[PDB]
2 protein chains.
Amino acid sequence: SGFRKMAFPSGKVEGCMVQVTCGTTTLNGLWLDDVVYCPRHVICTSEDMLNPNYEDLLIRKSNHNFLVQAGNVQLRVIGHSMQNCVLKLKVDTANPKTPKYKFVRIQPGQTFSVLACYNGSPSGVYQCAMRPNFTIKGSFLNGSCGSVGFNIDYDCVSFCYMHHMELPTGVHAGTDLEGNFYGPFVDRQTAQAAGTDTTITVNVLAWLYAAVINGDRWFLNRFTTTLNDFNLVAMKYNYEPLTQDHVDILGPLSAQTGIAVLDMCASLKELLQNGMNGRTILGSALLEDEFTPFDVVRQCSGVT
Amino acid sequence: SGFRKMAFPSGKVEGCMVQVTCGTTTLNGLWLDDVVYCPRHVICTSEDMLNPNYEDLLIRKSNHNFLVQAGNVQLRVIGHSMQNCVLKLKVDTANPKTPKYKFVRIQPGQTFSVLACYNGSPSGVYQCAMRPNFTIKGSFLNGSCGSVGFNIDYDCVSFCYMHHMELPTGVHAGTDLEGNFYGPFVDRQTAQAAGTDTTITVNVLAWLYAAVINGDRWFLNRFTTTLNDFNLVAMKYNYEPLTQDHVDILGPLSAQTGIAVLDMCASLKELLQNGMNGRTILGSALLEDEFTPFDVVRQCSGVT
Ligand SMILES: N#Cc1cncc(CC(=O)Nc2cccnc2)c1
Ligand SMILES: N#Cc1cncc(CC(=O)Nc2cccnc2)c1
């Protein structure tokens, strides 16, 4: 019993964190096999960040200008290349702690764990979600760039995010491990505004199922609805539209609790229209949307 | 920017998790040096749990009855002893991944990270606090016993909790690493009720300071108060009394923000009396109390 915002154990990723310094800029790198991945803005001075031409800035850099340190020991850089917004620094030593891994590009609404680092050293781990506007609400200070987001399936780490930027509003933007930003963001110190941060409806429903499994049932009502009726209310409350694919994904939770997905939608619809009335669900006074249906099943079944 | 419920990186603790089986009961153990620590209720059948006499049950157990497995390899048990509610199994091999460590007994209000495990395998990490009634609100299923709570100061892990029990209300109870329960709980399948779960006032104030540092300032008001006036309102709302020791501990946050501690108390007093009015602070609709002043400083300064 109990339901917590839970991150994956971070050990496998801690073994990959390195410090990358170029000139006077220091950030984090991810060392997998004999390649260190890091945000390409490591080559920029704060002045260059205003309007950088990365290809031009990279011409003035050689392998020896990239300083990579793993723990208190230096790695030898024998090659470097830019792939989209990340630099790949080939080193002469394969990371002995390289876990089994994949690079994945996640969809909005998907959750992942972040190992926040400074100077190639891990400081903390937290769970978050790719927002529908392709930002993430993280906890990152100057020096955190290159910190990564990941999910783990038994022994294989799927890396899905690398931190690059803080928008003027204090929300975060980054890339997948191929260097492509999530959303329309660019690695430039220019004002970029995020779109509407809508609520991830399928995740709220999964979390309402987690609440029922854990004894929080006060919000269950005597109504049902349809996908079209629910979605009219969802649009009004800036919730993402629910599709039959989302209903399918909630099937295991529906089966476990005996609550039809559309009945849970009707409970959610009344919570949107009536509010919580000072009550809480799983210790929260608002509807939580950073647990996917897969996360609820995993946490409630104890997947290791 | 951004403020997250952040756990310590769990790698150092992942390297200590083992599976302990006695008869038909399997739970988690913590392997430090040549000792494996685990809840003494590993020797109980579900029937024994109703009214166990641990000393009597232990007479029927020998070293070879305790099966300890680290990864997919078996450890040889060469000694066993009971210390309060934990068993200490001496093994013939010192854990090669033993980090620098201490055993600490925390006070209510203190926070720590939990590495939730099943069959000696880590499944997740989350942050929580020792409640003022000496329970913890965790996320633990059958098989999670022996999962541990810890804090890390640079490279030294201070273990403060080991999971033992779920109360009939779904809240959790456990011991320090010397086997002494936090609070009045006992390792017996008998109905035990928790006392009032009051709000950790000094932590709410620390989190209001974190909110100001991150731009959430709407709740700042034009008032101040005194410790005695604030505490009259705190008692009424089931908040822990604030002492001058708490005011002292909030000094660094007061200095950083320029908001006197008593002025922040007056903002908190108005939030208690007026409510949030549908507003949020750091993405929360209720006042968060599982961040200590030390956690706020650490997260806001990027301690690794
Ligand atoms: N890419 C990119 C980029 C562009 N302009 C500026 C930066 C620096 C930056 O965003 N800093 C920081 C600070 C706190 C949290 N996260 C990131 C990065
Ligand atoms: N000590 C002790 C004890 C006493 N009676 C019963 C138990 C078993 C128990 O509490 N199970 C469990 C299940 C889910 C989360 N946490 C713990 C343990």
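Each chain gets a letter, A, B and so on, in the order the sequences are listed, and its residues count up from 1. Just so you know, ligand 1 is whichever comes first in the structure, and atom 1 is the first atom listed for that ligand. Computed over heavy atoms, backbone and side chain alike; hydrogens, waters and symmetry mates excluded.
- Crowding of B/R217 atom CZ: a count of heavy atoms from other residues, nucleotides or ligands under 6.0 Å not exceeding 12.
- Looking at B/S284, its side chain never comes within 3.5 Å of a backbone N or O of B/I281 through a donor-acceptor pair.
- With hydrogens and angles disregarded, a donor-acceptor distance shorter than 3.5 Å links the side chain of A/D216 to the backbone of A/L282.
- Checked against side chain to side chain donor-acceptor pair (under 3.5 Å), B/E178 has no partners two or more places apart in sequence or in another chain.
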Identify the protein atoms, limited to N or O, that lie within less than 3.5 Å of an N or O atom of ligand 1, and list each pair with its distance to 0.1 Å.
residue	atom	partner	partner atom	Å
ligand 1	1 (N)	A/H41	ND1	3.1
ligand 1	10 (O)	A/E166	N	3.0
ligand 1	16 (N)	A/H163	NE2	2.7

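- Salt-bridge annotation for A/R4 and B/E290: present, with a side-chain N of the basic residue lying under 4.0 Å from a carboxylate O of the acidic one.
- A/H163 pairs with exactly one of A/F181, A/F112, A/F140, A/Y118 by the ring pair (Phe, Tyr, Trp, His ring centres under 6.0 Å) rule, that one being A/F140.
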